[PDB]
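# Understanding the architecture of this molecule
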Amino acid sequence: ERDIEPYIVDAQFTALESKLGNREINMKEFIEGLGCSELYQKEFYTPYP
Amino acid sequence: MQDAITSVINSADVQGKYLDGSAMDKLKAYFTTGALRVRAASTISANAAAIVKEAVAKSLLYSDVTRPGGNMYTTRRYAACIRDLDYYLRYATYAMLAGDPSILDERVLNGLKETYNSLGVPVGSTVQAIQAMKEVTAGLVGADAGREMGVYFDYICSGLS
Amino acid sequence: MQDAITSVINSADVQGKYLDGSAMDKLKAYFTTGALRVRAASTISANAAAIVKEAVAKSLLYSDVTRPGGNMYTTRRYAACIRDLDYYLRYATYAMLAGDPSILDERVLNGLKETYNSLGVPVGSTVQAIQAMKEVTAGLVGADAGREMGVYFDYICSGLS
Amino acid sequence: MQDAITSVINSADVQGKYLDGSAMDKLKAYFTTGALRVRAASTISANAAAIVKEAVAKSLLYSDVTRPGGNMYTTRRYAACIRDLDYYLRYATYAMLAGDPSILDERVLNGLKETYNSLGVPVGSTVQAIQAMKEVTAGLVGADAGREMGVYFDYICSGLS
Amino acid sequence: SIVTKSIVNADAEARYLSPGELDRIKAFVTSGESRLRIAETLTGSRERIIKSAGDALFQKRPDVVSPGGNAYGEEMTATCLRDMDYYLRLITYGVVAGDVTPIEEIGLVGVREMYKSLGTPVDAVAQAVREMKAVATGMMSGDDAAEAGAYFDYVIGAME
Amino acid sequence: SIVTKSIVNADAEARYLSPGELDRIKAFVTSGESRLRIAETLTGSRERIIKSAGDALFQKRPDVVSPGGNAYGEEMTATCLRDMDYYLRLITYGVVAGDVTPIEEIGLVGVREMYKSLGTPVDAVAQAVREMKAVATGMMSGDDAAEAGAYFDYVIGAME
Amino acid sequence: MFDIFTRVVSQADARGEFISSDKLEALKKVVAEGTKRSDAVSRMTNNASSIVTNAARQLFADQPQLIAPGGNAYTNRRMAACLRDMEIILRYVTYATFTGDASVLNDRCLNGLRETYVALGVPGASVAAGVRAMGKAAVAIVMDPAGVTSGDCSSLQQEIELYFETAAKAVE
Amino acid sequence: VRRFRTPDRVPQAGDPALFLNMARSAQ
Amino acid sequence: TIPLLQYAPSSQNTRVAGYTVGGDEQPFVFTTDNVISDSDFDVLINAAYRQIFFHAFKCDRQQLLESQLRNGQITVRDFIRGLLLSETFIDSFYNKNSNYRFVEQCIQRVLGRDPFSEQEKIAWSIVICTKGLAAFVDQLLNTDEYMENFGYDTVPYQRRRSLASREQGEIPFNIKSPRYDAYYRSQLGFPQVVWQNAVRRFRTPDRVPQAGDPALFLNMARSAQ
Amino acid sequence: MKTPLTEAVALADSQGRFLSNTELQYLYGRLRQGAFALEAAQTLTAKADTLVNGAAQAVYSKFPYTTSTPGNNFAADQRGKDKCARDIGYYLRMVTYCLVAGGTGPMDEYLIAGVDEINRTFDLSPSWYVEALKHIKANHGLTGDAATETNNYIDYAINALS
Ligand SMILES: *[C@H](C)[C@H]1/C(=C/c2[nH]c(/C=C3N=C(/C=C4\NC(=O)C(CC)=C4C)C(C)=C\3CCC(=O)O)c(CCC(=O)O)c2C)NC(=O)[C@@H]1C
Ligand SMILES: CCC1=C(C)/C(=C/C2=NC(=C\c3[nH]c(/C=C4\NC(=O)[C@H](C)[C@H]4CC)c(C)c3CCC(=O)O)/C(CCC(=O)O)=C2C)NC1=O
Ligand SMILES: CCC1=C(C)/C(=C/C2=NC(=C\c3[nH]c(/C=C4\NC(=O)[C@H](C)[C@H]4CC)c(C)c3CCC(=O)O)/C(CCC(=O)O)=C2C)NC1=O
Ligand SMILES: CCC1=C(C)/C(=C/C2=NC(=C\c3[nH]c(/C=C4\NC(=O)[C@H](C)[C@H]4CC)c(C)c3CCC(=O)O)/C(CCC(=O)O)=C2C)NC1=O
Ligand SMILES: CCC1=C(C)/C(=C/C2=NC(=C\c3[nH]c(/C=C4\NC(=O)[C@H](C)[C@H]4CC)c(C)c3CCC(=O)O)/C(CCC(=O)O)=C2C)NC1=O
Ligand SMILES: CCC1=C(C)/C(=C/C2=NC(=C\c3[nH]c(/C=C4\NC(=O)[C@H](C)[C@H]4CC)c(C)c3CCC(=O)O)/C(CCC(=O)O)=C2C)NC1=O
Ligand SMILES: CCC1=C(C)/C(=C/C2=NC(=C\c3[nH]c(/C=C4\NC(=O)[C@H](C)[C@H]4CC)c(C)c3CCC(=O)O)/C(CCC(=O)O)=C2C)NC1=O
Ligand SMILES: CCC1=C(C)/C(=C/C2=NC(=C\c3[nH]c(/C=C4\NC(=O)[C@H](C)[C@H]4CC)c(C)c3CCC(=O)O)/C(CCC(=O)O)=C2C)NC1=O
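Reading the values: the criteria
Residues numbered from 1 in each chain as written, not as in the entry; some residues may be left out. Chains lettered and ligands numbered in written order. Part of a larger assembly, values for the part shown. Heavy atoms only, no water. Helix = DSSP H or I, 4+ residues; strand = E, 2+ residues; numbered from the N terminus. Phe/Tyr/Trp six-rings, centres within 6.5 Å; stacked < 30°, edge-to-face > 60°. Buried < 20%, exposed > 50% of the residue type's maximum accessible area, 1.4 Å probe, protein only. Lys NZ or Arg CZ within 6 Å of the ring centre and 35° of its normal. Expected span 1.5 Å × (residues − 1). Axes fitted to C-alpha atoms, helices over the stretch in contact; angles between N-to-C directions. Parallel < 35°, antiparallel > 145°, perpendicular 65-115°, else oblique. Near = heavy atom within 4 Å. Areas by Shrake-Rupley, 256 points an atom, 1.4 Å probe, with all protein chains shown as cover. Nonpolar A, V, L, I, M, F, W, Y, C, P; charged D, E, K, R; others polar. Salt bridge = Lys/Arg side-chain N within 4 Å of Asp/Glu carboxyl O. Core = buried A, V, L, I, M, F, W, Y, C linked by side-chain atoms within 4.5 Å. Contact = heavy atoms within 4.5 Å. Buried area = accessible area lost by both parts, 1.4 Å probe. Polar contact = N/O pair within 3.5 Å; in protein donor to acceptor, adjacent residues only side chain to side chain.

### Overview of unusual backbone geometry
Trans is the prevailing form of peptide bonds, just as negative phi is the prevailing case for residues other than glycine. The phi dihedral of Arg2(H) falls on the positive side, at around 60°, and the residue is not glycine. If you trace the backbone, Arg2(H) turns up in the segment before α1 (20-25).

Here it is as structure tokens:
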């Protein structure tokens, strides 16, 4: 919902972005991998029931 | 979201009338100022980070808000402040290009007061930061382009206050 | 994804027996290596950026790759190169901590060969850069853990070639 | 995605030199073709539906494909066929405008072969339809731009076969 | 160029090219001589531009030429001028392309990451392209200086 | 901290704390005394750490203190000493908490964006934390220096 | 025009305090090796003529154009002037190893020499090959010991190779 | 005296002005 | 030995005739024969110093040549020769400049004209390194142009610098050519930046008082009772 | 730039002749000089701070109207005495440079060429620096050959000033 850059110490999703660059993965699994890792969980899962 | 052309067309359409001479004169005014708007938008797109960092160096640096206890204290809060000021400059550039501040109250000033009041963000300090951003960009692009930037900067400061 | 412990448990599990004394021998071998594995991992995690910059400054910098005509010419390709090297070093550190190169065969060398053929990446320059990084990390963290990193870097090179 | 201009810049970039006079020669060749390329592109954009309907009426209509037993029998398959033909014509127009068939190799012929094998689409009927469309657009827009469309339609057929 | 960008725009919107952007390609076609003249004058005086801009940069920001800085020594200063050569070369490519996209493809994607690797301060590079812009627009006639300064302005905007 | 991280990691998984995580929390609870001793060692001698680390930094990287350097004019060096004091304070917080979520969650997330907006070379800041680590691990016993150097190591790693 | 003693002087003056002790160990060992230095220069100097003719003889054996008609050193005064230039470069590199600093070499003869040889039409790479061969003979003339006290003359062989190399690279 | 402005106090925590002495002391 | 290169002359205000008339742009001419009072020797010696050394200080002045010239055994041509071979000229002009720039400066100051081309300075740069500064100055003085324009008894000047009905004629050559160049100031390392801009004091930014502020009425309350 | 080596190069250079035996002697005669000269430069570096303080004491005791009369040139206040410490430290440092180089050229280049106009326009009486150099040459306490070199040395300084 925001620009990701003030929430990342470094370029955090470079593995999934590089896999999308080869298109060994699709955009939907990239969306699911964005949902699965820890920035989204510390963003939208922690302060809410 | 509408520029001067779309607002003129919307007024003439809500009337149901054709475009009379006053609408033609308004569109001629916009079509004369548009080249200056284009050149000022290019000059502002040149120096986004410089205008933002000069606005912080004028207003927010070395004050209490960057000290402990201030709302601009941590690196997360500093990065979010730079992000918010970049948003204000970018949307002021958009409203300068359109010639209508409808994008500002559609997409900046919509829930901004309630967001800043829920977070604890000082509204006066960010209004002073936007005013210094306006002063810096009016020093950048000249007198009249600085004025037509400052009308939308004053729109953002008025809707924020 | 298996450790030395998980590979021992797996091997004792395929044949179906319980833990024998030779498995305990391998486990104590893993632990007495694992203490210095931890300290070497902390040292590599502390100095990863300097290790990668010394690796590229050793081998790739004044060649035709970082020059025009090579696959490392543009800033896009340079950033991809530094990212590839950082990933090799990070996965070598994971394999050093686990005591098993199954992670390198699992996540690194899975489809890396065919995309390196398809993008036209030179295998030899990458292998030289990894070996330069190998003795850079060997001179950094020490001799025995230098050998530890050495067989895992060599595993990456053998899967690459 | 590269033009004649972007391919010239790319070729001068891989070897690493600046712009030589032969590059300027290729660029002026591209421009003096590009004016009539624009007019032919406008003519093709104006008459695309008639071009496609004349192409299918020339070759595919009274055969076994548009009849039962063919891959063009149902209205689903007919609509997919007309859409495939429209896409061939549109991408041929893009390749004609750019002066380079890299777009046809990039977006059209990327995985079109294997899905045409897997769905059971006849390659020969498609090639006949494309060639019929080729001389339909040649008789429409003229001789030299007919040759321009001809080599790009032939590029599509060679990537298909 | 402008034609590749109009083609990928008509492709993503899945339609033919509009007569507005056909007129844009035609106007670009007619303005080819002016952009050839601009790139001609820039390829003529590249050494003088680089020498004056590098000395102006070293006069403005002495951190890079100081001991402990990035561009310290003969070879490091020569590589600094080589990077300015690459950026002026991409400026000429984008000037003759009519678009900023070859400058984007060749030298704007990962410059922050690679200069984060080398240790180069990127704002110093932005100052270097600023001095190259000031010198090249000082050389050109004012309308052509505005055209070249648009691409120079885009490069320093993508820098900082 | 450790307890926050274990609670959150069991919390997403919709399970209780596993017994291995529980003896992790127990071992951290027992090692808290040595953590507090390292924290008093780092807290009580902050003046000499900041002073000697600033001295060794400006000896090592003189261009930032040199004309044209970001840290120029007594207040620029002095101002930098405040940023070094901030990072030593976050080091003490991370030493007590047993994990780097105080350090990362306060002063390492947008550090690149902030120091790019200020015009600061981040490698020289990494050298500042390196000299702080040298003075601090020169001040303690062996295992205490290793446990503090882990967090100093994390800060220099999160810089680059 | 700079002696290495006044190199230390001018550097300490631009610093602005007294000469430190480490520079004084270095200058004392300079004084202990300057014996080698000065008469290394004169050893290089004595056969200077035979060195010059041997290097030119080798150069015109390697490049037969320069004594062919139409070449740069073909006519008699141009050939004599080329011998004059090679003697001058040897003499100035001899001055430079006598001062102990390459400042006299880069200051007195090399600097405008590049532009002079380009504007005259004179080849520069031929001069570079000549000064390189001349330097090889120069150390060996100064390195081999015949009727001389055994001494550490190897230090000069290093620095005189550096001086000839700077001469050849600055000619270009 | 009833000053209408902020009290004359200075050198608050996390201020650069407090560390300006130590900035002077270092090279 | 080897003679000079033959360099073709180029066009200039000197090799042309010119129809000169008494004005001030014409340099005041200082001649040994008519100065015969003790003060006019001081003016002549000052003028020759202004040409050769550009305002020589008391350290640069040579007592022997001035003494001997006031007696009158020395000719001013020999006095200029003694100035050029004196060590303050060698130190200030032959040391710091290369041979080509030295010949440029010395031709300007002895002959009173710019050299015709770069190849002329190149052709004259053989003789100074092969035969010494004394032979260079001697061969310069023996040439017929110096003799026809000045002679034995005349301090040289910049010749025909300024044409009639011009605001400017030409740079006076004392301004144009100083003793350093860019190459040797690089060795001395002089452009150390003055660095008095953008020091960035860290103290908190001043904010202009808002309307209705208590302070606004501070300045009048200080003036009031 | 007067060292014996650069003057040998200038003679050979002015003449155009190649290096000769006459030039060579200077180098091993610079041994008679330098074998004490570098020692004396080090011991002057050690003696330096008390030398400037004693020279300031001697100049203030010789001329009390400097410390009494208010003026820009006179050292009435602190900053004038700071200028005096700077000036005598410059003189002592040029003596040390002149001692290390072997000739008067550093001292003649860095001090002597402009001292007449500076003493004329800025109202600095040179007898003050006469007092300072005489106090230095009395207080330095050099031994043997090194001491003799300084007297020739420091007397040249006074002769340039007087
Ligand atoms: C230090 C050795 C290096 C350096 C420092 C430097 N810092 C600044 C200015 C600021 N720094 C901060 C930093 C932080 N605020 C935080 O909350 C945290 C986490 C705890 C950090 C790291 C901020 C907010 C400022 C702005 C002023 C303020 O303190 O409110 C400067 C001045 C920059 C300027 O433009 O004036 C300097 C010079 N610079 C170096 O060269 C060293 C390598
Ligand atoms: C495009 C229209 C738009 C705007 C403007 C916008 C603002 C916005 N600013 C925010 C935070 C912020 N905004 C600020 C800014 C300031 N605080 C200060 O002290 C200064 C006076 C001022 C900056 C000049 C700070 C410090 C935060 C972070 C608050 C926190 O992390 O607790 C947040 C909280 C969530 C998040 O950081 O990412 C939003 C949604 N969102 C929008 O969609
Ligand atoms: C976790 C395991 C893993 C790895 C290693 C990995 C690598 C990987 N490397 C890539 C590219 C690359 N890798 C390199 C490599 C190099 N530069 C050179 O020339 C040298 C030979 C070498 C530097 C050491 C280059 C140049 C590219 C980009 C080429 C291009 O597509 O333009 C790409 C394509 C997408 C991208 O641009 O990054 C992937 C997916 N992906 C993974 O998931
Ligand atoms: C066309 C796109 C493109 C870019 C941008 C590019 C950059 C580039 N810059 C380099 C080095 C460098 N670039 C700099 C430049 C700078 N540091 C300074 O002090 C200055 C402020 C700044 C100059 C503006 C320096 C000092 C190096 C050498 C770094 C090192 O050797 O560690 C190198 C390494 C040498 C080589 O392989 O040529 C590359 C590839 N190459 C490209 O192909
Ligand atoms: C103090 C330092 C100094 C140098 C080095 C110097 C060089 C110098 N070399 C010259 C000519 C020359 N130089 C050469 C050189 C060579 N012949 C070849 O074929 C080779 C490429 C090369 C031998 C290495 C030749 C043939 C000439 C005569 C060209 C001419 O005079 O027409 C001339 C023109 C004057 C003349 O001699 O007729 C100068 C001034 N002058 C200086 O004052
Ligand atoms: C101008 C009259 C004159 C000469 C000739 C002279 C030569 C000379 N050569 C010396 C030393 C030396 N000379 C040499 C020379 C060499 N050793 C080798 O094995 C090399 C092959 C060769 C150089 C190529 C060495 C090695 C020394 C050792 C002592 C030293 O470093 O001076 C010394 C030191 C003092 C002494 O020997 O009593 C003298 C006197 N001194 C003079 O006053
Ligand atoms: C290298 C050897 C050399 C010597 C010796 C020499 C002497 C010499 N002494 C001169 C004047 C003078 N000589 C004196 C001498 C003296 N005053 C007296 O009352 C005493 C009788 C005597 C002092 C011993 C005076 C007063 C003048 C100035 C007369 C004048 O300039 O009008 C002049 C006229 C130039 C001038 O100084 O104004 C010369 C050339 N020139 C030389 O080149
Ligand atoms: C490296 C060689 C060198 C010399 C010789 C030198 C002399 C020199 N002394 C100066 C000032 C001074 N020097 C003195 C020292 C003295 N005056 C007295 O009345 C005392 C008796 C005596 C103390 C021994 C004072 C008081 C000034 C101050 C002039 C002023 O403030 O206007 C100045 C003016 C520069 C300034 O304003 O700081 C120069 C150039 N400077 C140099 O760089």
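That was the structure; now back to the text.
### Considerations on the packing of aromatic side chains
Remark: the centre distance and the inter-plane angle together describe each pair of aromatic rings, the angle taken between the planes. The final tally for this structure, using the stated rule, is 33 aromatic pairs over all chains. Ring centres of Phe89(I) and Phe93(I) lie 4.8 Å apart, and the angle between their planes is 15°; on these two criteria the pair is classed as stacked. Residue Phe89(I) and its partner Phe93(I) are both found in helix α4 (residues 87-94); the two are separated by four residues, about one turn of the helix. Under the relative-accessibility criterion, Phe89(I) is labelled buried at 0%. An aromatic cluster is built from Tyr49(I), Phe53(I), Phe79(I), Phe89(I), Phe93(I), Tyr94(I), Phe102(I), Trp124(I) and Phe136(I), whose rings are joined through pairwise contacts. Over the ring of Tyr87(C) we find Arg90(C); its NZ or CZ atom is 4.7 Å from the centre of that ring.

### Points about helix α5 (residues 74-97) of chain E
When the terminal C-alpha atoms of α5(E) are compared, their 34 Å separation across 24 residues agrees well with the 34 Å that a helix rising 1.5 Å per residue should span. Positive phi appears at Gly98(E), one or two residues downstream of α5(E), with a value of about 75°.

### A word on the packing of helix α2 (residues 21-62) of chain J against helix α4 (residues 78-101) of chain J
At a minimum axis distance of 8 Å, the contact between α2(J) and α4(J) shows a crossing angle of 170°. When the axis of α2(J) is compared with that of α4(J), the two are roughly antiparallel.

### Structural notes on the site of ligand 3
Taken together, 23 residues sit near ligand 3, with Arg76(C), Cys81(C), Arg83(C), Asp84(C) and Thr126(C) positioned nearest. Here ligand 3 has 880 Å² of accessible area as a free molecule, and 90% of this is covered by the chains. Of all elements in the fold, only α1 (14-22) of chain A together with α4 (75-98), α5 (102-108), α6 (112-118) and α7 (123-141) of chain C reach the threshold of two or more residues within the shell around ligand 3. At ten residues, α4(C) tops the list of elements feeding residues into the shell around ligand 3. Considered class by class, the residues forming the shell around ligand 3 number 13 nonpolar, five polar and five charged.

### Topic: helix α4 (residues 75-98) of chain B
Relative to the 34 Å expected for 24 residues at 1.5 Å per residue, α4(B) spans 34 Å between its end C-alpha atoms, a close match to the ideal helical length. Count one or two residues on from α4(B) and you reach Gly99(B), which has phi positive near 75°.

### Section: the pattern of salt bridges
All told, the structure shown has 59 salt bridges over all chains when counted by the stated rule. Measuring nitrogen to oxygen at the nearest pair gives 3.6 Å for the salt bridge that ties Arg61(F) to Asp63(F). With respect to class, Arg61(F) is no different from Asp63(F); both count as buried. For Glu145(I), the salt bridge goes to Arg159(I), with nearest N and O atoms at 2.4 Å. Placement of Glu145(I) in helix α7 (residues 144-149) and of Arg159(I) in the loop between α7 and α8 (182-188) is noted, with a sequence separation of 14 residues between them. Accessibility expressed as a relative area gives 22% for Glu145(I), which makes it partly exposed.

### What about the nonpolar core?
One finds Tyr88(C), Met133(C), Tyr88(D), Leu89(D), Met133(D) and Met132(E) to be the most contacted residues of the largest nonpolar core, which totals 139 residues. Tallying contributions element by element places helix α4 (residues 75-98) of chain D first for this core, with eleven residues. Dropping the residues within four chain positions of it, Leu89(D) is found in contact with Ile44(D), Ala48(D), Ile51(D), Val52(D), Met133(D), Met149(D), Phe153(D) and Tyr16(E). Counting 95 residues, the second largest nonpolar core, distinct from the first, contains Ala55(B), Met96(B), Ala71(F) and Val135(F).

### Quick word on the interface of chain J and chain G
Contacts between the two partners involve 28 residues from chain J and, on the opposite side, 31 residues from chain G. Contact between chain J and chain G buries roughly 2900 Å² in total, counting both sides, with carbon and sulfur atoms accounting for 72%. For the chain J face of the interface with chain G, the top three residues by lost area are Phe18(J), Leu38(J) and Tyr97(J), together amounting to 22%. Between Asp13(G) and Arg93(J) there is a salt bridge whose closest N-O contact spans 3.8 Å. Looking at the side of chain J that touches chain G, the elements with two or more residues in it are α1 (4-15), α2, α4 and α5 (105-112) of chain J.

### Some details on the packing of α2(J) against helix α8 (residues 145-161) of chain J
Residues and elements named next belong to chain J. Relative to each other, α2 and α8 sit at 85°, their axes nearing to 9 Å. One element, α2, and the other, α8, form an angle in the roughly perpendicular class. Seen from α2, the contacting residues are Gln 33, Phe 36 and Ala 40; seen from α8, they are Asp 145, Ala 146, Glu 149 and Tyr 153. Its residues assigned to classes, the contact of α2 with α8 shows four nonpolar, one polar and two charged.

### A short note on the site of ligand 7
Residues and elements named next belong to chain I. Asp 38, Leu 64, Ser 67, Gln 68 and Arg 70 make up every residue found near ligand 7. Within the contact set of ligand 7, an oxygen atom lies 3.3 Å away from a side-chain nitrogen or oxygen of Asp 38. Contact with the protein chains removes 23% of the 870 Å² of surface that ligand 7 exposes when unbound. In terms of residues, the shell around ligand 7 owes the most to one element, helix α2 (residues 63-71), which gives four residues. Along the lines of polarity and charge, the residues of the shell around ligand 7 split into one nonpolar, two polar and two charged.

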